[PDB]
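Here the structure comes first, spelled out in structure tokens, and everything after it is commentary.
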Amino acid sequence: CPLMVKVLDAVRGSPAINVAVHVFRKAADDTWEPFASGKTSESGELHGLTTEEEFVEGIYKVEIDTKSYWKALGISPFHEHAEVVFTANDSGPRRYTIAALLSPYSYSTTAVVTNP
Amino acid sequence: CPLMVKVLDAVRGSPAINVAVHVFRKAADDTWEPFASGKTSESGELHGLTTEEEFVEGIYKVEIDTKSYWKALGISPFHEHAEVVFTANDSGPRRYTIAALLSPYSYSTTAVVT
Amino acid sequence: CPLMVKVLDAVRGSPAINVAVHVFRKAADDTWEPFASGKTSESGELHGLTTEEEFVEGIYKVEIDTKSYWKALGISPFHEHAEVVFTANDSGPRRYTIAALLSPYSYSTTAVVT
Amino acid sequence: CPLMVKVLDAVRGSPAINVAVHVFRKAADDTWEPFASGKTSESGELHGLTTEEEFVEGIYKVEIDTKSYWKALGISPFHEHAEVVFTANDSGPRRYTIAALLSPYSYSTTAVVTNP
Ligand SMILES: O=C(Nc1ccc(Oc2ccc(Cl)cc2)c(Cl)c1)c1cc(I)cc(I)c1O
Ligand SMILES: O=C(Nc1ccc(Oc2ccc(Cl)cc2)c(Cl)c1)c1cc(I)cc(I)c1O
Ligand code: NA
Ligand code: NA
Ligand code: NA
Ligand code: NA
């Protein structure tokens with residue numbers, strides 16, 4: 001599991017459950033190729049997106065569908081989504097955890113990068 | 001204006017208006033003594049807390065009454081308040097902006113020292 | 001000034017100066033077309049991006065070149081940039097401030113809509 | 001484990017390891033009574049602070065010694081510490097996770113509250 005995503009809800013003080021997450025990788029022609037997708041669990045975590053073999057060097061985009069999350073709670077939020085774009089594995093394989101903290105008009109994102 | 005406080009509301013996407021803010025300075029007996037007070041304006045800002053002459057080296061605490069702010073909006077908050085504790089003017093006067101971004105179960109605070 | 005961007009540096013406690021910012025608007029073919037551009041001032045602010053007449057309903061992307069900012073300081077960053085994507089003026093003109101707080105491995109963004 | 005603390009470093013993209021954390025509970029005379037303390041592990045997590053029996057209703061303060069953390073890294077930070085003050089267990093026992101994200105001139109804190 002070299003790529004994990006965790007999402008928290010700053011309004012309710014809870015994991016953000018059932019949030020859709022789409023991962024893309026920049027292709028040779030500069031377009032965003034679909035790479036993996038999933039949804040956060042009851043713990044707010046999304047595991048199993050990829051493998052060490054599949055998760056090669058590249059520029060990756062993680063798009064978290066925060067708009068659908070807020071709308072289901074009856075809230076009209078500001079952002080269309082929360083996105084994280086980063087170069088991965090440039091100095092060799094690493095494990096990446098992307099965390100996002102969500103409010104209707106704000107989000108914060110952080111990465112922890114570890115060397116296995 | 002060597003010390004300014006700005007408060008924003010991450011739920012409504014607005015300045016946080018009428019938020020009570022108390023500033024304390026640590027005294028020799030390690031007690032917090034009142035130093036300045038006010039409430040945020042319609043822009044979420046609190047100016048005129050102190051003067052350069054009064055704002056000397058020390059440890060300061062800025063206490064933002066976030067609980068009363070959320071209660072006024074009918075929202076149950078987690079924190080009793082948001083406190084920001086820092087050393088100021090330990091190398092002579094400086095200008096300090098303390099910004100706070102509020103959510104019911106989270107807050108962020110940053111300092112801009114110019 | 002219906003759209004303003006402010007960028008702060010959480011490592012140095014300062015405005016983030018000379019940060020390149022590009023604004024795009026989503027077109028009918030779902031491509032991002034250039035809409036406005038600039039760089040933050042010495043106060044970390046970018047004003048004068050658009051006018052009320054030009055800033056119509058649409059989906060907008062504000063792309064902040066955070067990587068170049070950290071590289072200029074000799075600091076290795078995580079993100080390629082910070083993007084903020086939002087729908088604006090879908091109920092008529094509004095005023096929008098997008099603030100971003102930057103750290104090498106983290107950023108926060110908030111909108112104040114007045 | 002009804003009270004857990006997690007601390008992350010936003011400059012390095014890592015857990016904040018060996019960070020001292022002091023917990024206090026407001027006493028009947030309005031003073032802060034020492035309640036528990038510990039330090040974050042190699043994962044940035046501090047477990048085992050208290051028990052269900054010990055962690056009664058009250059107003060609690062969690063003080064995270066961010067100044068010593070930054071100074072050990074050669075950085076002179078802004079804050080003396082990061083503190084979180086909250087009423088706990090008012091509607092019955094809950095589990096609290098307090099997370100803090102640290103930068104030299106900024107910190108963010110969030111709570112997740114769950115009902116066991
Ligand atoms: O933020 C993080 N971790 C976390 C985990 C659990 C937390 O609290 C609960 C409690 C119960 C439930 Cl069900 C869900 C969440 C909280 Cl507040 C925070 C986190 C962020 C990054 I970048 C990297 C790693 I590696 C992390 O671990
Ligand atoms: O965060 C800051 N500044 C800011 C200013 C304006 C903003 O947007 C509006 C728009 C209309 C209104 Cl009425 C209120 C707020 C937002 Cl969001 C943020 C800020 C934080 C620090 I540390 C230091 C300085 I120096 C700052 O400026
Ligand atoms: Na390489
Ligand atoms: Na000194
Ligand atoms: Na409309
Ligand atoms: Na009760």
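Labels for the structure tokens follow display order: chains A, B, ..., residues from 1 in each chain, ligands from 1.
Taking only C-alpha atoms and all ligand atoms into account, ligand 6 has within 9 Å the residues residues 57, 89, 90, 91 and 92 of chain D.
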Do a neighbour search on residue 115 in chain A at 9 Å with only C-alpha atoms, toss out local chain neighbours closer than 5 positions, and write the hits as an mmCIF file with N, CA, C and O atoms, in the first residue's frame.
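Final file, out.cif:
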```cif
data_model
loop_
_atom_site.group_PDB
_atom_site.id
_atom_site.type_symbol
_atom_site.label_atom_id
_atom_site.label_comp_id
_atom_site.auth_asym_id
_atom_site.auth_seq_id
_atom_site.Cartn_x
_atom_site.Cartn_y
_atom_site.Cartn_z
ATOM 1 N N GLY A 92 13.309 7.094 -5.844
ATOM 2 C CA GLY A 92 13.043 5.725 -5.476
ATOM 3 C C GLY A 92 11.687 5.584 -4.818
ATOM 4 O O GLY A 92 11.036 6.576 -4.472
ATOM 5 N N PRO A 93 11.244 4.341 -4.617
ATOM 6 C CA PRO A 93 9.896 4.112 -4.082
ATOM 7 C C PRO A 93 9.724 4.692 -2.688
ATOM 8 O O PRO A 93 10.575 4.528 -1.806
ATOM 9 N N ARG A 94 8.593 5.359 -2.492
ATOM 10 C CA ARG A 94 8.203 5.848 -1.181
ATOM 11 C C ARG A 94 6.754 5.470 -0.921
ATOM 12 O O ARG A 94 6.001 5.132 -1.842
ATOM 13 N N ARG A 95 6.366 5.544 0.348
ATOM 14 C CA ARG A 95 4.972 5.408 0.738
ATOM 15 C C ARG A 95 4.413 6.786 1.052
ATOM 16 O O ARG A 95 5.045 7.574 1.767
#
```
Could I get the residues of chain C with an atom no further than 7 Å from an atom of ligand 2, each paired with its nearest atom pair and that distance in Å to one decimal, using only C-alpha atoms and all ligand atoms, sorted by chain and residue number, as a tab-separated table?
```
residue	atom	partner	partner_atom_place_in_ligand_line	distance
C:6	CA	ligand 2	18 (C)	6.8
C:43	CA	ligand 2	25 (I)	6.8
C:97	CA	ligand 2	8 (O)	4.9
C:98	CA	ligand 2	17 (Cl)	6.2
C:99	CA	ligand 2	17 (Cl)	5.3
C:110	CA	ligand 2	17 (Cl)	6.4
C:111	CA	ligand 2	17 (Cl)	5.9
C:112	CA	ligand 2	17 (Cl)	4.9
C:113	CA	ligand 2	10 (C)	6.9
C:114	CA	ligand 2	11 (C)	6.0
```
Can you tell me which residues come within 6 Å of ligand 1 when counting only C-alpha atoms and all ligand atoms, ideally as a compact mmCIF listing (two decimals) with N, CA and C atoms, in the first residue's frame?
```
# COMPACT_ATOMS: atom_id res chain seq x y z
N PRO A 15 -14.46 11.06 10.97
CA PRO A 15 -13.98 10.71 9.63
C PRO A 15 -15.02 11.12 8.60
N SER A 43 -13.74 4.54 8.61
CA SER A 43 -12.67 5.21 9.34
C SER A 43 -12.15 6.44 8.62
N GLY A 44 -12.72 6.79 7.47
CA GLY A 44 -12.20 7.90 6.69
C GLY A 44 -10.99 7.57 5.85
N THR A 97 1.07 9.02 2.38
CA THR A 97 -0.24 9.19 2.98
C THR A 97 -0.67 10.63 2.75
N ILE A 98 -1.83 10.80 2.11
CA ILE A 98 -2.41 12.11 1.87
C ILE A 98 -3.60 12.26 2.80
N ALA A 99 -3.57 13.26 3.66
CA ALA A 99 -4.70 13.53 4.54
C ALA A 99 -5.34 14.85 4.13
N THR A 110 -2.25 17.55 3.74
CA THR A 110 -0.88 17.31 4.14
C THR A 110 -0.46 15.95 3.63
N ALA A 111 0.83 15.78 3.42
CA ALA A 111 1.38 14.50 3.01
C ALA A 111 2.42 14.05 4.01
N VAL A 112 2.42 12.76 4.32
CA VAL A 112 3.53 12.11 5.00
C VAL A 112 4.17 11.16 4.01
N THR D 97 -9.70 11.69 19.61
CA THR D 97 -8.40 11.77 18.96
C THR D 97 -8.14 13.23 18.64
N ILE D 98 -7.02 13.75 19.14
CA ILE D 98 -6.59 15.12 18.88
C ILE D 98 -5.41 15.04 17.93
N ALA D 99 -5.53 15.65 16.76
CA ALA D 99 -4.42 15.71 15.83
C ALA D 99 -3.94 17.14 15.71
N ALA D 111 -10.19 17.58 16.16
CA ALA D 111 -10.60 16.49 17.02
C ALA D 111 -11.57 15.59 16.28
N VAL D 112 -11.41 14.28 16.47
CA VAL D 112 -12.43 13.31 16.09
C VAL D 112 -12.98 12.72 17.37
```
Pull out every residue of chain D sitting within 10 Å of chain A, counting only C-alpha atoms, and send them as a ChimeraX atom specification. /D:8-15,96-97,101,108-114
Please determine the contact residues of chain B with respect to chain C at a cut-off of 12 Å, counting only C-alpha atoms, and supply them as a compact mmCIF listing (two decimals) with C-alpha atoms, in the first residue's frame.
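Output contents, as saved in part-v9.txt:
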```txt
# COMPACT_ATOMS: atom_id res chain seq x y z
CA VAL B 7 -10.62 35.55 12.68
CA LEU B 8 -12.28 33.69 9.79
CA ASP B 9 -15.21 31.24 9.68
CA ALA B 10 -14.50 28.13 7.56
CA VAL B 11 -18.14 26.92 7.72
CA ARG B 12 -19.78 30.01 6.26
CA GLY B 13 -16.83 31.44 4.31
CA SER B 14 -16.96 34.78 6.07
CA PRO B 15 -15.09 36.87 8.60
CA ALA B 16 -15.91 35.80 12.16
CA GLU B 42 -17.39 43.19 10.62
CA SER B 43 -14.18 42.35 8.72
CA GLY B 44 -13.16 39.79 11.33
CA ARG B 95 4.57 43.82 14.29
CA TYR B 96 2.42 40.71 14.74
CA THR B 97 -0.71 39.51 12.98
CA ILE B 98 -2.37 36.45 14.51
CA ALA B 99 -4.90 34.87 12.16
CA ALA B 100 -7.27 32.09 13.18
CA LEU B 101 -9.43 29.96 10.89
CA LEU B 102 -12.35 28.40 12.78
CA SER B 103 -14.35 25.22 12.26
CA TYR B 107 -8.90 25.55 14.24
CA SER B 108 -5.75 26.75 12.57
CA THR B 109 -3.65 29.70 13.62
CA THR B 110 -0.76 31.41 11.87
CA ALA B 111 1.42 34.39 12.70
CA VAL B 112 2.71 36.93 10.23
CA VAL B 113 5.60 38.86 11.76
CA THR B 114 6.72 41.76 9.58
```
Grab me every residue within 8 Å of ligand 4, counting only C-alpha atoms and all ligand atoms, and send it over as a PyMOL selection string. chain B and resi 90-92
What does the file look like for those residues with N, CA and C atoms, as a PDB file, in the first residue's frame?
```pdb
ATOM      1  N   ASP B  90      11.112  39.863  22.019  1.00  0.00           N
ATOM      2  CA  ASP B  90      12.322  39.400  22.691  1.00  0.00           C
ATOM      3  C   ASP B  90      13.598  39.864  22.003  1.00  0.00           C
ATOM      4  N   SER B  91      13.489  40.440  20.812  1.00  0.00           N
ATOM      5  CA  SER B  91      14.591  41.119  20.142  1.00  0.00           C
ATOM      6  C   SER B  91      14.178  42.534  19.769  1.00  0.00           C
ATOM      7  N   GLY B  92      13.390  43.167  20.636  1.00  0.00           N
ATOM      8  CA  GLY B  92      12.877  44.489  20.381  1.00  0.00           C
ATOM      9  C   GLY B  92      11.524  44.443  19.706  1.00  0.00           C
TER      10      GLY B  92
END
```
When DSSP is applied to the backbone of this structure, which of chain C are assigned strand (DSSP E)? Write them out as JSON, numbers by chain. {"C": [3, 4, 5, 6, 7, 8, 9, 14, 15, 20, 21, 22, 23, 24, 25, 26, 32, 33, 34, 35, 36, 37, 38, 39, 45, 46, 58, 59, 60, 61, 62, 63, 64, 82, 83, 84, 85, 86, 87, 88, 96, 97, 98, 99, 100, 101, 102, 103, 106, 107, 108, 109, 110, 111, 112, 113]}
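Taking CA of residue 82 in chain C and CA of residue 70 in chain C as endpoints, the distance between them is 12.2 Å.
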